[PDB]
Every structure is written in C-alpha cells, then in structure tokens.
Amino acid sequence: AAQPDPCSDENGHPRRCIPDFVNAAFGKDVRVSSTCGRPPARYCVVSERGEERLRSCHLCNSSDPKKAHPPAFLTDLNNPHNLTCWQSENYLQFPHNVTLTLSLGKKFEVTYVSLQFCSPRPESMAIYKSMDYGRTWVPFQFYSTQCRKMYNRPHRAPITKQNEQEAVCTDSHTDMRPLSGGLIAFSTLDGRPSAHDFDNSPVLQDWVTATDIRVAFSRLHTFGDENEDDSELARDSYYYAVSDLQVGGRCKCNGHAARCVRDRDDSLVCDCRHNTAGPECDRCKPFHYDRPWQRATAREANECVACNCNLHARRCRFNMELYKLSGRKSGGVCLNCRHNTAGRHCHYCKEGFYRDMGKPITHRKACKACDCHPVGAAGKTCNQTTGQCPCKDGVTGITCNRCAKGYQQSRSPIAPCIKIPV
C-alpha cells in the first residue's frame, strides 16, 4: 500500500529484495509420532522444590479439549501465563524417537529453530532438515550428554573453514536445568566462520536452506534417583511436552523477490522479479539470456538481462565464451533472425538485401531487396550497408538505372551508356 517497490530503485533500477523474516512454523500443522490422550490416561508432573516430591497428576484426554494436548498447540500463538502444549504419549520406553516434523513446502533459508518445553528438556535430541520436500533428511544440530555414544559425534566439535557445514553436538541445553519453561534454540549460523559475509558464502547459503524440519527426542532426563538404572520400565512422568515451536527464517528467492505467495494448487512460491523465474527465482526468464543467472547481493541486484535482437528474433541463447570475451557484459545470441536480417543481434541485412536507412534497424522491413537493374548493373547482389549495385561504365543510380552525365543511352543490353566523344 504505502510501501514502494522494494525490488526496484526510486529510479526504477533493480535492487535486491528479500521476503520478510518469519517464524515459518506459525499456524502450521506439525506432524508428530506420539501424542497423549488416546486412550485417555493419567500423567504426573514431578516437582523438585527443597527435598519434597509433589507428584501432581492430571488426565490427558484427547477427546476433551480442556484436557487435550494436540500437536496444534505447538504453533498456536503462544501467550505465556496461559500456555498450551502438545505432549507425547506417556511411559516412553527406551530407546525411542518422538518426532515433530514441520513441512514448509518451499525452500526457506532458516536462521534458527527453537522450542519451549512444558516438561523438562530431553537429555538427548536432534534436529534435522530436508532440502528435498522430505525425501531425504540431514542432521542440523545435536543435543546430548553423550554425544559420542548416543549420536556417534564428537562432543562440541570445533567448526573449521574445512567443514563449516557440520552438524555439531553439545550439552548446552543441560546448563541450569529447570523442569519447566526450558528453552532450546539452534541458530544455524552461530559459530560458523563465514557467517559475517553470508551474503557471499554459498556454503552457508546451502547449509541454511531447507524445505522441512524434524526434531527428534531420544532420551528423557532420568529422575526418581535412578539409583538402580535397572529400572527399565517407565512411569507416568515419562513424557515430553512442548508449548511452542518456532522456525525462524525467510523464504528462499535469491534476492529476486519481495515475498512468496500461494499459487493455483495452494503452493507457496516466490513472486519472482528481475526477469527471473523458477520457484526460487533460480533461473532467468525466457529471452533474457544476456548474461548468466546470479543471486542478488547488497550491492549488485544481478537482474536477468534481455538479449537484443532488434525485434527480429523470438528466441535467444547465452554464450559464455562471448560473455567472457566481452568482459562479462553480454553473451546473448539471437536465433533465426526473421525479416531477412542476419548476425548476432539480427543487426544487418542478409546478402540479397540491404539496409533501408531512414527506417530504423528495429523496423520490420529495415532490410530492402537488391533490385539491381538487369541491364544497368554488372551483377545481382548489392552492397548490404549502402544498397549500391555494381554499375556498368556510364551508369549511375543506386540500382544502376540511368546513364551518367557525359553519357548517352544506347539500346544495347550489353553497353547501355556511351560517352559523348570529343
């Protein structure tokens, strides 16, 4: 409304535009492996304060909305002082994997994934992404007190330039453990050495990109003393619960759009600009092949450029050697010049025709036929630039259609203009 076009300058010149930052999980329906309440079943909160165990107990009943704890409560608006949470099934045996999967449907770039717990935090969990609509999954971040044993990872691996795309493991989640309200937050870029100029890092750009997100919990904080780790069987306090799940980032458009939006088929997609196309504006638009696709940046917008064919070609092709040689200015090449033109830009007239000046090069019929005079000219093909036909001695005119001054017209087809003698 009162927002001017972000994809272009105040002079109409292109500039980079990126969709707004969002929690991309807000309002979304998250898929989970486990939820309490079917069949209804009692659970207990355990309480630590002093040296006393208040085992407070309530009923998870999925058919009772006052007592239901559905995945929906993960991405509803979170009001503290009145929290809602999803809560897993109870009595979790070990080993296990209680998964939450957020499917975005469209590549985003993600700056963080975060959760607020109603229960205590897991001893162990992981976060994973899919960059391909959920056919494959890839570790994003690990949390655990036995990184090695549980996930086979070094604890707290330093991140090198050599692999800053590396999913590390840590126990930082354990620092100062409350049993409620526990926050975990994975910033995709914390501690990655190229973070400072993300804009020019393609490796981080890949790292942070995903279409879906999975968090899996695989071990509960052991309580009840666990003096005998013998107690394999579980209890009604053996569940996870979460009040809010967020995935912070923005829609992936390579700096060539100001928003994503819902098409026909209800699918999210970039509103591509800069004469770009594809769901992420990952490629140039037709006939806009003057130079290579580039992702925009702070300084350069890198719009896709229309190749020039002076209105004599439908299609266009990019040629890198030409680009290279031009000093990376232009490499487009026209195909099937159409109005008896020829050349790279359909910018000159095929032999057999010539350049009708006073009409401009863009003009349908900027190329005129050689209509060389049968008897006055010495051949059929005229000068493509100038129109001039090859004239016999004594002849003039563009088409050789006249004797010159000093000459007299014969009725010989071979020699039609003879010089006045003296």
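Counting begins at 1, following the sequence as shown.
When 393-401 is weighed against 42-50, 42-50 comes out higher, by mean CA B-factor as recorded in the entry. On average the C-alpha atoms of 168-176 have higher B-factors than those of the other stretch, with 168-176 and 291-299 being the two compared. When the C-alpha B-factors of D282, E228, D132, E123 are ranked from the entry, the top spot goes to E228. Note on the listed residues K28, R31, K67, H373: the highest Cα temperature factor in the record is that of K67.
Annotation for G12: CA B-factor lies in the middle third of the chain's modelled residues. Among all modelled residues in this chain, the alpha-carbon of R259 has a temperature factor (C-alpha) in the lowest third. In this PDB entry, the Cα temperature factor of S62 sits in the top third of its chain's modelled residues, the highest group. In the PDB entry, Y151 places in the middle third of its chain by CA B-factor. Among all modelled residues in this chain, the alpha-carbon of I418 has a temperature factor (C-alpha) in the middle third.
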